[PDB]
């Protein structure tokens, strides 16, 4: 479907002693890409949404992650994001990370399908909401 693409440079800080990306970092980039998607789709900043209709953002309730091959500093990553499926209060967000070999070949590094929702904070308690119609439409 509607797919967004953002790039990400691997920094020395991002790798472990074994000298390859430390995994959590992928999550950090994913959460980035995630938001990036929606922004680039026309949804206002959370900051704003929380004031207009109480949406804080989109919490992750589930995720299936897969690490195909290693990466390291200097490598530049490409992250393909798209909405896999719209459920009721949930939605599938797929992201595919890859890197380029100097041969112009593109190698899948990692992939992940994260299941998120749009939520509100009724005080201290986080609560999911029915994916908003308008949202759908912008993302379309």
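Positions refer to the first chain, counted from 1.
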**Report entry** Comparing 110-118 with 80-88, the one whose average Cα B-factor in the PDB entry is higher
**Finding:** 80-88
Report summary line: Looking only at C-alpha temperature factors in the entry, 55-63 or 91-99, the higher average sits in 91-99
Query raised in the report: Reading the B-factor column of the entry, which of 41, 50, 32, 68 has the highest value at its C-alpha atom?
Result: 41
Query raised in the report: Thinking about Cα B factors across the chain, which third does residue 7 belong to?
Result: middle
Report task. Quick one: classify residue 15 as lowest, middle or highest third of the chain based on its Cα B-factor. Result -> middle
